[PDB]
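Descriptive analysis of the structure
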Amino acid sequence: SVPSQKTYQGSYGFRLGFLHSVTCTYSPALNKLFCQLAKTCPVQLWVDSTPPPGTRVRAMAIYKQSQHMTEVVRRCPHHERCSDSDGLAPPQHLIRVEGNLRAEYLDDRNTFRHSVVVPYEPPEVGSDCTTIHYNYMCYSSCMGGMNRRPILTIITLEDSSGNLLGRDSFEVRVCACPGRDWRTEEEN
Ligand SMILES: [Zn+2]
């Protein structure tokens, strides 16, 4: 199957935000994030009202192109074996959450898809949003992995049972020079 990618603000008015940037830059025109391998990618979570205690935030990657959407996105044969473990993320997972000991990594028993989920934290004092720092652990160009195929990251706001409360998404290109590729794609 293929996880839904339909934007859904839900009852809490959930949506993502990105900084204005290089190692990580977001293009609103392309709804696409360009980043270097294993570098911090700040993603903001915005809500109109605070969701219930127990709400969680999950991130999962899927291939963007129809002919590849059914294939599970995972790290390539080289990166899954480089022992760059952080102590929590399984080595096959493309997406990691940085600096959160409550992050949980899932390998779905029915879809076999990977995801990382953390508890939703309401904004701190003096802040209007919550920021999650993600890392992408394989290049878009990795052979035997994404192999130049574009991916989408789907972020979902879920209740304590895992039911859907909100959804947003963005394309991602993990590359050596985000700045250059961003300009090229904006141009085209
Ligand atoms: Zn790789």
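For this entry, the PDB record names X-ray crystallography as the structure determination method and reports a resolution of 1.6 Å.

Points about the pairing of strand β11 (residues 164-174)
A regular strand carries its side chains on alternate faces of the sheet. In terms of residue burial, β11 counts as a mostly covered element, since nine of its eleven residues are buried. Bridge analysis of strand β3 (residues 32-35) against β11 gives four bridges, and the strand direction is parallel. Within the sheet, the bridge partner assigned to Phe 34 lies in β11 and is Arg 173. Here strand β10 (residues 151-158) folds back onto β11, and the loop between the two strands holds five residues, one of which, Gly 162, carries a positive phi near 95 degrees.

Points about the sheet that holds strand β6 (residues 95-97)
Reading across from one edge, β1-β4-β9-β6 is the order of the four strands in this open sheet, with antiparallel pairing throughout. Taken across any chain shown, the strands that pair with only one partner, and hence form the sheet edges, are β1 (15-17) and β6. Strand-to-strand twist of the sheet, defined as the mean angle between neighbouring strand axes without regard to direction, takes the value 40 degrees. Sheet analysis places β1 next to strand β4 (residues 41-46), joined by three bridges and oriented antiparallel. Paired with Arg 15 across the two strands is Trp 46, which belongs to β4.

With respect to the sheet that holds strand β7 (residues 104-107)
Reading across from one edge, β2-β3-β11-β10-β5-β8-β7 is the order of the seven strands in this open sheet, with mixed pairing throughout. Edge positions in the open sheet fall to β2 (24-27) and β7, since each of these has one partner strand only. Taken over all neighbouring pairs, the strand axes of this sheet differ in orientation by 25 degrees on average, direction set aside. In terms of strand pairing, strand β5 (residues 56-63) meets β10 through eight bridges, oriented antiparallel. Within the sheet, the bridge partner assigned to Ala 61 lies in β10 and is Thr 153. Packed onto the sheet, helix α1 (residues 178-187) meets β2, β3 and β11 and runs at close to 150 degrees relative to β3.

As for the pattern of salt bridges
For the structure on display, the rule yields eleven salt bridges. Here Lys 32 makes a salt bridge to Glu 185, at a shortest N to O gap of 2.7 Å. Of this pair, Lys 32 sits in strand β3 while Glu 185 is found in helix α1, placing the two residues 153 residues apart along the sequence. Overall, the relative accessible area of 23% leaves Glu 185 in the partly exposed class.

A closer look at the environment of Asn 110
Structurally, the position occupied by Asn 110 is in the loop between β7 and β8 (114-119). Measuring from C-alpha to C-alpha, the distance between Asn 110 and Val 43 comes to 28 Å, with 67 residues separating the pair along the chain.

Calculation notes
Residues numbered from 1 in each chain as written, not as in the entry; some residues may be left out. Heavy atoms only, no water. Buried < 20%, exposed > 50% of the residue type's maximum accessible area, 1.4 Å probe, protein only. Helix = DSSP H or I, 4+ residues; strand = E, 2+ residues; numbered from the N terminus. Pairing = 2+ DSSP bridges. Axes fitted to C-alpha atoms, helices over the stretch in contact; angles between N-to-C directions. Contact = heavy atoms within 4.5 Å. Salt bridge = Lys/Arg side-chain N within 4 Å of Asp/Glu carboxyl O.

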